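For reference, the chains in residue letters:
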Amino acid sequence: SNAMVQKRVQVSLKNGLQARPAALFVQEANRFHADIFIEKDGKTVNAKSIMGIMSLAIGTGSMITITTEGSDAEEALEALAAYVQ
């Protein structure tokens, strides 16, 4: 068992999670203590990795799953979901 939390969210950003929005997302992810992952189309990356995020090619309208686990997991999850939604 584990204490992870996850949500499936629709990315409504016009640039998708690419370009400057991706860089600021990764900066924001890096502020949290929790481990944070993003999954798109079955591929999962560490949200604190820009090269991982870019590798997902997250375009506008994409559904992604955000997963977190750690001391501030729920805060991290909700902040990142509110960033992209």
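Residues numbered from 1 in each chain as written, not as in the entry; some residues may be left out. Heavy atoms only, no water.

J.: How do you make sense of the nonpolar core when you look at a structure like this?
T.: A general feature of soluble globular proteins is that nonpolar side chains tend to end up buried together. Ranked by internal contacts, the top residues of the largest apolar core, which has 22 residues, are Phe 25, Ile 36, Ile 38, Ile 53, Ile 64 and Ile 66. Among the secondary structure elements, those contributing two or more residues to this core are helix 1 (19-31), strand 2 (35-40), strand 4 (63-69) and helix 3 (73-84). In this view, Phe 25 contacts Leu 17, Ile 38, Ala 47, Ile 53, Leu 80, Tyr 83 and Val 84; residues no more than four positions away in its chain are not counted. (Core = buried A, V, L, I, M, F, W, Y, C linked by side-chain atoms within 4.5 Å. Buried < 20%, exposed > 50% of the residue type's maximum accessible area, 1.4 Å probe, protein only. Helix = DSSP H or I, 4+ residues; strand = E, 2+ residues; numbered from the N terminus. Contact = heavy atoms within 4.5 Å.)

J.: Is there a simple way to explain the sheet that holds strand 1 (residues 5-10) in this structure?
T.: Adjacent strands of a sheet pair through backbone hydrogen bonds, lying either parallel or antiparallel. Taken in spatial order, the four strands line up as 1-4-2-3 in an open sheet, and their pairing is antiparallel. This sheet does not close on itself; its edge strands, each paired only once, are strand 1 and strand 3 (43-46). If you compare each strand with its neighbour and ignore which way they point, the axes differ by 25° on average. Bridge count between strand 2 and strand 4: five bridges; the pairing is antiparallel. Pairing of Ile 36 across the sheet is with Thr 68, part of strand 4. (Pairing = 2+ DSSP bridges. Axes fitted to C-alpha atoms, helices over the stretch in contact; angles between N-to-C directions.)

J.: What's the story with the side chain of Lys 40 in this structure? I'm lost.
T.: Structurally, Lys 40 is set in strand 2. Side-chain polar atoms of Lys 40 contact the side chain of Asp 41, separated by 3.5 Å. In this structure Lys 40 touches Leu 56, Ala 57, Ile 58, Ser 62, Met 63 and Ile 64, once residues within four positions along its chain are discounted. (Polar contact = N/O pair within 3.5 Å; in protein donor to acceptor, adjacent residues only side chain to side chain.)

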